[PDB]
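Considered here are two forms of the same protein chain, supplied as structure tokens in two stand-alone entries, structure 1 and structure 2.
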Structure 1
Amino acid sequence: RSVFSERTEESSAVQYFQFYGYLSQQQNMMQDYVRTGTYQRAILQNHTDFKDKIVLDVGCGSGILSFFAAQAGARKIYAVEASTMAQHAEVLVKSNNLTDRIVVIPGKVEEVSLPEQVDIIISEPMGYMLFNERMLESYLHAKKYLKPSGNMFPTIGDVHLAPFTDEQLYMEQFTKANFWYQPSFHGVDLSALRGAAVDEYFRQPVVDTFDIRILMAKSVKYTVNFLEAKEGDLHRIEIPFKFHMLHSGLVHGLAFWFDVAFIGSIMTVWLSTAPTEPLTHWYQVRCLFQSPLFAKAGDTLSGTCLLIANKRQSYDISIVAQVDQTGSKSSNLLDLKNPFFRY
């Protein structure tokens, strides 16, 4: 009956919150210096957004973002966390003598009761491709506690997509799938599953990094304004694209990364996962076409990337792309819950 339980299979929320209950996973996020340090400077450089203000921290984990708000001068910080990591955050609040300013509230931000409205919400809700794990919806849901003049850190998110060429990556996944092309594996004919295997392997998003050299067009941008958007905006996300090809070659898929901006009163600070910037634990994400498209320079590649939210805290992705000049069309389904980590 709570907003989170309606949209989430229990079997997926159990695994999800158990994963973030491990300190080792908190350490891995924290040790991303670009991630942690960029959050810290966005907050401190905009200290006036926090001085003597009331703060809500959505999914605080170890509580590290709350400690940044305390350093900035916040009067009171409500740090909500649904995993068992809440108990460990409490320990750190006590041992850092911040019991009067940081108040850990265990539970799902959709279900807990907060004693007052807040001036600013902070969170790190971004998954792979920004939208994975569907935590952006909890972040937006928490705006019920936001004063009208309130702010949000991060304030906006920019998804970027660009076609790429990478025949090695394409052949690696085709070669894996071609295991099921065999007619006499230990005397057994597997070939009838060759099609299902290629489908499974290519519905996998490839999570790793790559050189910008492989991008064949200026990137297309899709913006979410966290101040303006509703929770229901993210159940069906439609990203049209029209790429002007700058090189000829085989387009093997679309590469995704994202940027978020902390728009404070004093300055705007950007956190970027772009392939031109230092690597973060979000890497970049590439979706492969089962069959590459040929395009020459000056052609336009157009279509739509439709993300339909599912009950496993992820998205069914549909990418349809066509070379307009030739009508060469590629249509793909990617399962954002079973990625292929290649790094």
Structure 2
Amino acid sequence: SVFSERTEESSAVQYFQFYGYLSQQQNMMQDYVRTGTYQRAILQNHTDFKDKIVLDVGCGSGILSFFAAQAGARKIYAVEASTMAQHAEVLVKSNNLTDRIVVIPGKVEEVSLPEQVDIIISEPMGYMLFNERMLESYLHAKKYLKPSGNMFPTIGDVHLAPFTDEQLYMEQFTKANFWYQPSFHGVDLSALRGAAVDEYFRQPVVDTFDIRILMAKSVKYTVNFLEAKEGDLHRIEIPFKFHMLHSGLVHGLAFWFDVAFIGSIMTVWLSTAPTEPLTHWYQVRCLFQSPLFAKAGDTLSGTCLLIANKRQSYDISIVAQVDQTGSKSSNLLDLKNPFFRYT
């Protein structure tokens, strides 16, 4: 019911329909960075799992629970709300781990868990880290976490950096200018050009890019999953002050994220940065409505305010200005309707 109160029915239906497909599980499993890093984090921190209780929030096919089993976990509660729970049950049975892994179909906010656990494992990251709003289910699950327990991942760092991409910015108007013709099959479409521009600029661009478009060291906003409450994610204000390393027109902000698995033996990092091999998270770019010229040495400052909505996503408000000149820009984007541009 915590989940229910913060989610529209129609959004939850699709959301779990999407993750009920084995083709989707397979896509996530075939991401070697994602899968290998989760395995290393768990196996290389075996003392955090050996003979321990484990909670797996949104286990999907259950791959992370088998890794926890490989590390010697005594008992693992694997919670999954989609129909994938049935397939996870099959793998538990076929891998002779019914005594160690128990699949619980349902949402972690609603299911009954019998005991407190020593550690919670999960993959609740979406685009820009926060999209899909499952980090709140991850943090909600800490009601079953012993005091002094641990979280895998333990922290999440979202990175923001200004970028220049003249061709991406102009692409928006080339597409919108379809409407700027007085006789499309005899019809004057011009009146809708402004609405088309507005529509395109509300879409965060999901794809990857050359790191040479980034004009400044990124700014990092950290969520400590051991300390955070799920309420901390309803409104996420990310201040930024970029020390411009390059001179040129800034067309928007680029987003990626890292997560760290802070175990007793070592810390393992999973990065979706553009300096690292591409993942199924890709990167995310939000354009300013107008570009801001910035010289190397200038400071570009502002805030990125993420306001959670009931569509399991966020409304993104970005305000930015070049301090040395006062030039200002902004944009308001809907993270639930991104434009998949990757080629």
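Just so we're on the same page, rigid core means the largest C-alpha set that superposes within 1.5 Å between forms. Every residue number counts along structure 1's sequence, beginning with 1.
- Checking 232, 107, 183, 240 for C-alpha shifts of 2 Å or more between the two structures, after the rigid core is superposed, gives a single hit: 183.
- Fit the two forms on the rigid core and the C-alpha of residue 279 turns out 0.5 Å off between the two structures.
- Per-residue C-alpha deviation between the two structures, core superposed: residue 192, 2.3 Å.
- If you overlay the core, the Cα of residue 172 moves by 1.3 Å between the two structures.
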